[PDB]
Each structure stands twice: as C-alpha cells, then as structure tokens.
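>>> Sequence first, structure after; it's an experimental one.
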Amino acid sequence: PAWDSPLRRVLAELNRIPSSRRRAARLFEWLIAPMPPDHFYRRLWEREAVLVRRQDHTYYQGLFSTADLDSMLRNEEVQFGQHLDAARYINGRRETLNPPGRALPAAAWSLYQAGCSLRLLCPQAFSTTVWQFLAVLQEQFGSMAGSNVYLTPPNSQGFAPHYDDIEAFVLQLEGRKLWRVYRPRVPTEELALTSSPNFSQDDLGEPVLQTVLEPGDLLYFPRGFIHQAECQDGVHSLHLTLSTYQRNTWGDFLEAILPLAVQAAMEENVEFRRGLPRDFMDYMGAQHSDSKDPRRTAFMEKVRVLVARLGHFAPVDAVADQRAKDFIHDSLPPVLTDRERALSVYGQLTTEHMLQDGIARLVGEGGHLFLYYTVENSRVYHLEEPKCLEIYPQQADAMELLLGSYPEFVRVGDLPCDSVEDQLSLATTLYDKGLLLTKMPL
Amino acid sequence: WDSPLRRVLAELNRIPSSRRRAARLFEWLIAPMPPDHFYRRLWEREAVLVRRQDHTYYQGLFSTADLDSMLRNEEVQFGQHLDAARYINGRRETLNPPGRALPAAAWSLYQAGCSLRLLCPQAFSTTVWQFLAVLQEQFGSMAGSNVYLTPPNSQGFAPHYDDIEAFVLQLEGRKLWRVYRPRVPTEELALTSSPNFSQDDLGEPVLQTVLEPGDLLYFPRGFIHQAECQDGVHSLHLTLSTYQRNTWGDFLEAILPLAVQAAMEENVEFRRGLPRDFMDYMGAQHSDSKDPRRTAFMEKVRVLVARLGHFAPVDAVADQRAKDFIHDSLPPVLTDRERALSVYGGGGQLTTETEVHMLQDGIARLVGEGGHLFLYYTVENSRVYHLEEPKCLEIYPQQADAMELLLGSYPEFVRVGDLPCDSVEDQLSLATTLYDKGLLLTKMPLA
Ligand code: NI
Ligand code: NI
C-alpha cells in the first residue's frame, strides 16, 4: 500500500501529473472532497458557508504540526509581530501580548501556558509543504493564496468574533475546536470589503453553523460572514486557515477601468469635450436637492447616458493584464515536479514548451512589451520588486504562441519569428531564466 | 465723453437684479445678434464676427493711455504682469528683460516691433473689472481678460488654437485676422493649447477680416487663429476669455470615483468576486481571443458601468464646482443702490422689521461638507485670480432653512422676523452676520 496520509498520497500524485493547471484543479478537488469543485463554486462559493466532515483524522497529515512550529521557533528568526502574535480573548476583549523582538520557544510556550493563542503569520516561508499547497492552489484561484496557522490552548478563546475581507478555508489539523459561523447580518455586510471591528456577544444573533471540527475536517465561509471559535474539553487545537480573494471584485476592476475610460472618451469623442450648461448651478447642488425645474432632471439623465457610453471606451483588456501583473508579482514561486526540474536549467540547445502554466504573463506598457514572471519571487509576499524582461516585436508572436499552447512541445525552428537569430535568443533567454523546459535534457 | 459703453454701464447701474445686469451686458456685447440664437447655434460651434459700424462702441473700457498710466503708476512687471512678444520669418521669440516694466523699457520694445500683452488689467482698470465681473455671472465660469497692443506692420504671436472660448474686442486701430476650422475631429473643442504652428501647416481661413474699433470677433476653442497689423496703424484689442475646463467630461471625471465608491458600498453586485480564471480570456496578449465567456465579461462590464450612472453624486459635484467658481470669481461690482443699502455706508442695528435680501445673486454658495454647512462667498476675493484663499462662514442647522430661503428668493425682500428660524435670537443673528459680512442689503438705508 504505497501511501499513508491522503495528503502525502495526493502530493506524490501531483508530481506525476504533467500540467500545472491540471495539478491545480486536482489539489482543490482533493481539498473539498468528496464534494465536486464545479458544484461548490456554482452554488456555495461566495454564497454560503460549508462544513466538510471528512471522517479521516489523518487527511492532512504532513502539512503542518505543532512540532513543525516548535522547530521553526527554535531554528528560524521568528519575530513577535512580524511572524507570530500572542492573542487572548477573555472578559469580552482581546489583549495582544507581543514582547518585543525575537520569539523563542521558551517565551512562546509560556504565553500558550497563560491561555494565549499562537498565530503564525506566514508558514509558507518556513514549511515547504505549505508553500507547495498554496502555490498550487493559487493557480486555480486566479488570486493570491495566503495562509496563517493558529494554535489555541485548552479552555481558551484566541480572538473575538469578526468577519474578514477574504474567502476563508479552515483546515483542522490537530485537536478539536468549537466554531460558530453566522450569515451576513445586513445587506451591506454580504461580501464585505473591509475586516470588521471586534464584535461582542450581544452584537450578534443566531448562527447558521455551529460545529466541533476534528482533524481532517474542512470549514469554508465567504467574507462578511462573522465567525468565532474556541477550545473546550482539555485538548489543544491546531488549524491552518487558507485565504484568498482580497480585493478581487468587479468593483475593484471598475475602479481602474473608469478613469481611463473617461480619458479615452474625452480624446476620441467630442460630446465628452463639450461645455456644461452655463446656468447649471441655478438648479444643481445639495442646495437645490428639491428643485421642480425640469432641467434638473435632464442634466441628471445626460450624466447617466454619458456614463453608460463609457462602457464603449474602457480599456478592458489593458486592465485585465495589469491585474494579472499584480497577481504575478503577488504569487508564490512555483513548486516544480521532478520531471520539470530535470528538463529545466534548475536540473546547450538548438533549432531541434513553458516550464509551467501560471508563471508568466505578457503585458504591453508604453508601446513596449514585457514578460512578467513568478520564478524569482520570495516565499514572503512582495519581498521582491516585480520581475520582468523586454520582448522585442520580432519575437512577440513566438512568445504569445508558447503561452497559448502549453503543454504542447514546439521545435525551436517552428517558432514564428523572422530569423533563426530570433528563435535561438528567445528560447535561450527563456530557458536560462527558468521559464522553459526541454523534452530531452540539454 | 458719452459712448454706447458708457451708456450701457450707466444702464446697468439702474437694473436692480444682478442676474439681469449680466444678461443685458452680454446682449450689448454681441449686439445686434440676439444671445438666444448665439448660444444655441454658434457658441462652441462657429466663429462669429460683428461688423458693428461704430468706432465709439467700446469707448471707456480701455485705451492706450490707460496702459501708460498703468505702467508708470503701478508696479507692473515683466513676466508676471506684462509680456512682450514678436513673430518674424516663422518663429516666435520671447524677450522679457527681467525687472519692473516702466514706460521707457516698454515703448522701446514696442518701437523695436514687439507686441505688448497685459495679463491682468482688471486689477488696475476698474471698468474692465466691472465688465468681467458682470459677464462671468452669465457664463457661469471664470471670465478672464488680457489686453494686446501691437505696433504697425508686425505680428506678436504665432498661429495657435487655445483651450478657451475667446471674444475679441477691437478697441483701437486695425488688424487682419485669420480664423481656421479645427483641422481634425480631435482638435475640435480641444482640451489644451496647441503648439505654435507654422503657416505651412494650416488650411484655408474659414474667415478673414480686418477688424476696426468697435467690432467683435468670437471663436471657439480649437479654432486656429492669427493676426497682424498692416498699413501704418497699430492695434489695441482686449480679449475676454472663458470656459476653461468646463466640459461634460470634467464633470464626469469627478463623478466617477465617487460613484464607484458608492456603488460598492451600497450594492452587492459590485462587491462580488471577479471570476477565478478571467485572465485566460481577457488580456492584451489574448486581444484576438475566441473564448465565448469573453464577450460575456465584456457585457458584464458595460452593464455595470451603465448601472454606475444611476449611483452618481451629481449635486455634490455640482456644489464643488460651484465652490471653485466662487473662489475664481471676481468680487462683485456694486450699484449705487446696493452700496447705499448695505454695509458699505451704514451699520448693523436692524430688527425683525427690517426688510432684506441678498446683496447680489452670484456672490455666495451654500455647500455641505463633513456633516457641516458653509456659506462660501466672493465679496472678499481679490481682483487677482486666486490671490485670496477660499472664504466662507459656518451656518448652524437652526438657520439653514432661512439661509436657503434668502438665496432662493433673490431679489424678493423678506422681513427679518419672517425668516424660517426657530427663535428670534437666531433670526436676528443670521441677518446681522450676513449684513456686516457684506452679503446682505436692506430695502431702506439703515440710518
Ligand atoms: Ni477570522
Ligand atoms: Ni490666442
């Protein structure tokens, strides 16, 4: 019997699936199993919270353990604040207790002992298993996948009730914790855009979901959904919560669209460049909130039709590209399979495909062309400034093909350039930067 | 001594609404055209020339002498208040010798061919002031002016197009004007001043004339123009300029981010996630894409942008622009009646029995900002653009219903004791603060 924890099983499996994309689907299919991904997104994602009773306390064995924390605190410069917070919720308040500087096992555990909950901002940096997990999942999210690990001692609550500004996937890892989740309390909170203030017990009402998680379980809920948790009994609780979809709304897309749309409208269409009525302020202003004038209301219309006309002028593509750019510079660097590694520079070449599917994007800025890529990003968010390189027009077509036709191999001498000077400097540059894998080791 | 201008100004002084005075002065300025026809058909559309057959028309406004007495009796200074300019053989060349333009240094440059341009004459001329201060009331946007003096057989400026509606009042001498239709759709009602052009680049003048004292030549932004003196006579024209940056676009530029803001706060569809993989079908790279779900994204966009209108704070922006107009506005020119009835001659011991209305119709805006109410006003502005910071005063919610009344019902007199106000201390306080601040007048001389 090849394997022991379905995590280790499925992880090994991904190393045997050749398409980074396909790997990405898979892992998520696993994450919410038995449930279909397709049914989840269509009806549940952003719609409702979700418990997955796994029945398998060993489901996640290998991802992260109390031990792995204990090592980290010993073997790495874990700093209170920057990497680790000590939290308490008692008598209805939260108290944070971060002794300045360095977070040593001694101190950490002595805080844990005093009822504090331990929260590890960024264990993707230190654990390479978590790193992989995220870096695979983020490719099917089209949005940064981040994660924190929470440890709560017996008979204590770490944090107050609140709603985040992200989609949360709680994975129970060890122990048992009593959760209470709530549906958005009012229209304006449904899919909220800002973390909420710390709420008290009167502030809320009756939960839609109230469960005790056990290792292997998964609990998911959309942003705006309030939630609190606690240890009871005598057992510790460990969980990793995965999070994404921060600032990834149509709204936030529109914000960028519109300013450029109006600029365009103004340069290209003259109606946008005409002068306002001269006496418009005789009927427009808070001061005339209530004018009977029937040109108060024509003005109002003209603003709407003109606003509607902007739909036509909006650089929809140009902004999609710019958001991707941000996802790239936002992304955790790729976890390679063994096959990929070996075929790549990480493991010469001649006129006889893409390293992975989600590591690079081509983006025209200022009549130029830049290929932005992930493969030199830290395992800390934005610790690296964005990384690109300049494509010259001659090679644009080729580069576009390479990205559009993964995972299909292409002969270097079938890359639609002008010359064979081009075809070689493109595959050469790409290959060295770790963007490109060969079918036979060079 | 007695010209049409002198006559219309003495007419304005007998017209009690400040809003009628403005209309009437414009009617005078573009006569014999009716303004009604001008603003519907020709404003922003066509160049317009008024052959007036009257040299005396603008007599009073400004003369060459008035420009001398300026130079010698006020610190007029090169760069800042006065520019010399020359166009010869193809190039403009600018020559502002640092320092204080006195007459010696001025006339020399005039003699050497330069055209003199006076940037801020309404500061020193009190007729130009009245002229602009009245006309801005009916343009609803800043009315600026410069005065251009040009010696014979010369040309001061290269051909350009401006970013403003321009009215040219020919005051002395003669000048050959050439006006040219916007050359391409993107230069029609253009957004910024053009680079100086070379006579090779320009098409066929849509209009060409010699202007004589008393004529008026209007033409919209975008329209290319240039002028030259010929014969042996000089030119002296004032150009009145307006409507800078006062477009439906500029209104929208402001609306939008507030509208998107409100839309997200106030409606869940905007707060929803993009989809997980849209950048598989939406990119510059995937410009040409086949995805079908693409043309769905595209529509979602257009349909949400459509929705955003129905979220736009159109009043609140109007109000902000009002507030900027107020700041840009020249300070008002009082009739002798306004002056006699207001804090310019007699002082605040009034009563519930005093009848009162606002001083003029265009000196104040009431604007709600940060849960507060402020009356912004022009009566303390300078006759120099933006020299003073925005002036205003706070209105407490127990007065706002009065204050709105007062502004709405100019020029109807309202007994003080009939002001919607909860108390009689409140009643008197508004009236008094408003009067002493010089925003109010009484029907009867206070003393
Ligand atoms: Ni939370
Ligand atoms: Ni000009």
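Happy to help now that I have it. Numbering: from 1, shown residues only, chains lettered A, B, ... in the order given. Ligands and ions are numbered 1, 2, ... in the order given.

>>> Tell me the residues on the stretch 51-200 of chain A that lie near chain B, please.
A:140, A:141, A:142, A:143, A:167, A:187, A:188, A:190, A:191, A:192, A:193 (C-beta under 8 Å from any C-beta of the partner chain). Quick note: C-beta positions are derived from backbone N, CA and C, even for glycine.

>>> Separate out the buried members of those residues.
If you count burial by 16 or more other C-beta atoms under 10 Å in any protein chain shown, the buried members of these come out as A:140, A:141, A:142, A:143, A:167, A:190, A:191, A:192, A:193.

>>> quick one, what contacts the third one?
Contacts of residue A:142 were listed using C-beta atoms under 8 Å, 6 or more residues apart in numbering or on different chains, and they are A:248, A:327, B:274, B:275, B:276, B:277, B:278, B:279.

>>> From those, which land in strands?
Members of the contacts of residue A:142 lying in strands (criterion: DSSP state E): none.

>>> Might you report the residue contacts of the most centrally placed residue in chain A?
The centre of chain A sits closest to residue A:144, judged by C-alpha atoms, centre = their mean, with a distance of 2.0 Å. Neighbouring residues of residue A:144 by C-beta under 8 Å, 6+ apart: A:138, A:244, A:246, A:327, A:330, A:331, A:381.

>>> cool, residue A:260 as well?
Contacts of residue A:260 (C-beta under 8 Å, 6+ apart): A:314, A:315, A:318, A:319.

>>> which two from those residues end up farthest apart in space?
Spatial extent of these (C-beta to C-beta) is set by the pair A:314 and A:318 at 9.0 Å.

>>> quick revisit: and the contacts of residue A:144 as TSV, adding neighbour count?
Below are the contacts of residue A:144 laid out as TSV (neighbours: other C-beta atoms under 10 Å in any protein chain shown):
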residue	neighbour count
A:138	22
A:244	21
A:246	17
A:327	20
A:330	20
A:331	22
A:381	17
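
>>> just checking, residue A:175 touches residue A:231?
Yes - shown here, residue A:175 and residue A:231 form a contact pair, counting by C-beta atoms under 8 Å, at 7.1 Å.

>>> Overlap in contacts, these two.
Joint contacts of residue A:175 and residue A:231 (C-beta under 8 Å, 6+ apart) are A:152, A:237.

>>> Going by neighbour count, which residues of stretch A:59-72 are buried?
A:59, A:60, A:61, A:63, A:64, A:65, A:68, A:69, A:72.

>>> Check stretch A:405-418 too.
A:406, A:410, A:412, A:415, A:417.

>>> Just the CA trace of stretch A:295-308, in CSV.
What follows is stretch A:295-308, C-alpha atoms only, in CSV (Å, rounded to 0.1, in the frame of the first residue of the first chain):
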residue,chain,number,x,y,z
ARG,A,295,-33.7,70.6,-16.4
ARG,A,296,-32.5,69.5,-13.1
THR,A,297,-33.7,66.1,-14.4
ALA,A,298,-32.4,66.4,-18.0
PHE,A,299,-29.0,67.1,-16.6
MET,A,300,-29.3,64.1,-14.5
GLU,A,301,-30.1,62.0,-17.4
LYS,A,302,-27.3,63.3,-19.6
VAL,A,303,-24.8,62.3,-16.9
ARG,A,304,-26.2,58.7,-16.9
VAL,A,305,-26.3,58.3,-20.7
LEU,A,306,-22.7,59.7,-20.9
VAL,A,307,-21.7,57.5,-18.0
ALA,A,308,-23.2,54.5,-19.8
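
>>> Is it in proximity to chain B?
Yes - using C-beta under 8 Å from any C-beta, stretch A:295-308 comes into contact with chain B via A:299, A:300, A:302, A:303, A:304, A:305, A:306, A:307, A:308.

>>> first vs last residue of stretch A:228-242, how far apart are they?
16 Å (C-alpha to C-alpha, to the nearest Å).

>>> Just checking the distance from that stretch to the centre of its chain.
Centre-to-centre, stretch A:228-242 and its host chain are 24 Å apart (C-alpha atoms, centre = their mean, to the nearest Å).

>>> now swap in stretch A:347-357 and tell me
The answer for stretch A:347-357 is 29 Å, by C-alpha atoms, centre = their mean.

>>> So that stretch, near chain B or not?
No - taking C-beta under 8 Å from any C-beta as the criterion, stretch A:347-357 and chain B are apart, separated by no less than 9.6 Å.

>>> Which residues does that stretch contact?
Against stretch A:347-357 from outside (C-beta under 8 Å, 6+ apart): A:19-21, A:24, A:139, A:334, A:336, A:340-341, A:344, A:360, A:375, A:402-403, A:405-413, A:420, A:423-424, A:427-428, A:431, A:434-438, A:441-442.

>>> Which of those fall in helices?
A:20-21, A:24, A:139, A:340-341, A:402-403, A:420, A:423-424, A:427-428, A:431 (DSSP state H).
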